[PDB]
Every structure is written in structure tokens, then in C-alpha cells.
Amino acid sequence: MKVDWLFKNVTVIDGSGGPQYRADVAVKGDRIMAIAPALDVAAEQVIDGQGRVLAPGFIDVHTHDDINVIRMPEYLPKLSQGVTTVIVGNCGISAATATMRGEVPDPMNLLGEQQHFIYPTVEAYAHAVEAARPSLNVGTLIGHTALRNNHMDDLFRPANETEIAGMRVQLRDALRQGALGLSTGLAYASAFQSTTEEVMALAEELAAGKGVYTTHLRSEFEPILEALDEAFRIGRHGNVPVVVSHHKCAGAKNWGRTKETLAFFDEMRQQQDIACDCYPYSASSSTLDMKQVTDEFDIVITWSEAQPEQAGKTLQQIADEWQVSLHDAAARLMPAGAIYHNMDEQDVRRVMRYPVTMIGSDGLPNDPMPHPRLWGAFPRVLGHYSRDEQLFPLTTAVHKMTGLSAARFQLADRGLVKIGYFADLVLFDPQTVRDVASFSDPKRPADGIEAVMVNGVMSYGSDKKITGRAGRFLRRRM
């Protein structure tokens, strides 16, 4: 009878995108018990949340935390932002159902070394999450490139009918055990030689609401309308939902072309169900590539094993200090990590203002000197873009990382502050919330986040310390 938590006088932004209101919210166990203008109830712990916003736990729909949630259960980078659930297994790479008979193909090395791929079924990955006891919930997609490596000798050829038939059966068993859908990373060499027909066969397993098709497009540059026209056809072939992962118009030539892609979205969202996600930044973070070296935008060096002295400077500054060309300056700096300012700020804002666009950090945890999105992708939307820049009301901003995300991936009883739903909550100050992570100082906790609750367990406070490990493995709504 005595509730566990009572949030008094909080501005409730329920994550539905609807109007905000002030009320009391009571939690008993892992469920939201009561919501009323006031609650004269006895509680074990009470919090006066006046002037604060009580919102659903933030859902990071685009992560690569397949292995990291297990060896770092207290996932401070996401929890300090207010993330209570991560969707892993994006871009065709996933640790679930992955089997390694030889070497690790690209880009599955982002998840971890061979030694960590020990999850041949979704059930085996689920129990490993439960054993690790993480601080946040974990749901997984199935990586197409991982399914290829389980059934093909070489990944640089079109798959035969027998190999594709085996992938459909393994994907079917994964979806029955709680997988959220299928992810593809077609731009990578391990899946570039795949026909659209092969992806169509796998996407058919997602019919009748058995998953969502998230896609790293085959090209995010000039032929992006081609790759989008693909992506929509595979969804139209099996009548399955499509989510364009980290939608961006990379390359100086494609700057401003979001007016063309989002228009292609509008025309095709009148025939099928389409969505997308993106991180609120106009700069990339990857390895220093010779084919990516250019003068059209800044290329800041994060780390450089060859020349560790030249760090934090643009490639043009390094090339001028050495009095050598750009391609030769990079050649002597490689291998290195670089920040590619290859995106236009107006393009990011258009994608963010798009109604069916979700917020995905796409953070790289194992990456030494990581992109600041790993520590402040979600507070950046709530603070800089919603409050300061006024891109959208705070209700819409919260909706793009909660209810819209939970409904898209069919997360049962999550993403909403509602009676009977799970008690994944975050209490933040709407006037001071901001991303503190910068490109020079990325691994830094955010401000304004005052409380984070996972399944009714208070897991993170304003002292920047993790106090709970009540994360669970989430299975698709059945």
C-alpha cells in the first residue's frame, strides 16, 4: 500500500507529444501506479519536483552497445543523459545470433573482438544481459551482415537461394525470441554485393508486425534518393515498417539536399509506414580516410598514433605547419581519428523538425576520444535545440526520444508516463538541461538531469553517480 516513490508538483510531459500539465506521479514496484493533480499518499521516498519536468525514460534507438552493456553494466554515458533503454544491433552488425568461424568482418569489429561474440541465439544474449545486471534496458535488432557471415563462405558475393533460405529461418527464430527487427548496413563491403532481392526475403519475416526494418542506406551521398527508393521498395515488398538510420546528407555537394529527401519521404509516407532517426550534430567522427580527405570542410584530428603531437588541430593547420599537401599530411598522420564537419547545420535541423524523426545518439563507446554524442545527444535536443534555439516545443522534443520511439519498435508499456506503464522516468530541469560534452572534452556528464529511474529503481542522481542496476532485456510486443 505504501508507494515507493512520489513525484510531487512536476510538469508531466508524458512523451505522447500532447500538452503538458502539472500533477503528482506515484510509483509502486516497477509500474507507474497513480497520476493525479495531487496524491495524498504515504511514500517510502518523496521528491518535490516543482519547476521540473517528469518525462519517460529516454530511448536511444540507434546504439552499438551490443557488447558494452554487458562488460560495463553501469553505462554512465547514456544514463547521465537520461537514457533508460538502448536499441542495439544497428547498421547490419549485431552480437545476437552472431557466430564467428573465421575473422571478424567489417564493421562488426566496432562491437568487439572475436572473443566476445558468444551469443548464437537471442535467448543466449538475453540471459547474458540479465546476468550482467545493467543499469538500463536493452533491446536488440538482428544484423543482416551478421546473418550473412553465419551462412556464407565469403561476404563479397550475391547470396544463393540456399544461403538466403537459411537466413530467413534464423531471423524467424530471433524474432520469436524477442528481436525487434532487422538492421542493414549496405554501404559496407560485407553487404554491398547483396541484391535488393536478398534483403526482401529477410524483410518478409517482419510482416504482420513482427519487427521493423532499420537501414543504413547503401549510399548517404549522391545516390541517396536511389538508396531511399530501394529502402522503401523492400518495405513495400513485405509490407513492413522502414526506419532510415542516421539520415544525413553527407558531402559538401549534397548540402541542402534534405529538402529533396524529406520531400521523397512525404510522397512515400502516403503509401507505406516510414520513419528515421538522427543525432543532433553536423559533424561526423571516424578514422582518417584518404578518400575522405578534402578541403571543403574542417577535418579535426582527435588522435593520431603516428604523430600524437598534432592533436586537436584541423588537417589544414597540420598541412600548413609541415608545408605539405593535405593528402600527404594525412598519409603521415595515419592511422588516425578525425572529426568530419561534412554536414550542414540546416540539413540537421530539417531532419530533426521532421515529424517521424527519432533521436539516436549513435555513440561509439570503445572509440578512443569519442564523438560528444555519446554523452550529450539527448540533452542537446532538450536544451540547445528545444529551449535555446526553439526548434520545437519541449513536448515534441521529449516525444521524439520516448513515445514515438517506443511505439515504432513496439516496446511494451514503455516510452510514456501513464498508468500501468513501466516506471522508466527521468526528472530534469528544463531551464538548465544542456549537453556539456564538447569535441575537445567529450566524456563529460550532462547538466540538468536530476533523477533517472529504471523499472522503479532510482538509478542515477544529480551527484553523477549510478545507484541502481535494474536494467532488463526487452522483447518485442507480442
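Heads up: residue numbers just count along the shown sequence, starting at 1.
- Remark: stretch with higher mean C-alpha B factor among 132-140 and 227-235 is 227-235.
- Of the two segments examined, 433-441 and 419-427, it is 433-441 that shows the higher average Cα temperature factor in the deposited entry.
- Residue-level inspection of the entry shows that, of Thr162, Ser183, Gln115, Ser386, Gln115 has the top Cα B-factor.
- Each of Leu326, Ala201, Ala179, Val212 has a CA temperature factor in the record; the biggest one is found at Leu326.
- When the modelled residues of the chain are ordered by C-alpha B-factor, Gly89 sits in the lowest third.
- Per the PDB record, residue ranking by Cα B-factor puts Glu222 in the highest third of the chain.
- In the PDB entry, a CA B factor belonging to the lowest third of its chain's modelled residues is recorded for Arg22.
- Among the modelled residues of its chain, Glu74 has a C-alpha B-factor that falls in the middle third according to the deposited record.
- Ranked by Cα temperature factor within the chain, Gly456 sits in the lowest third according to the deposited record.
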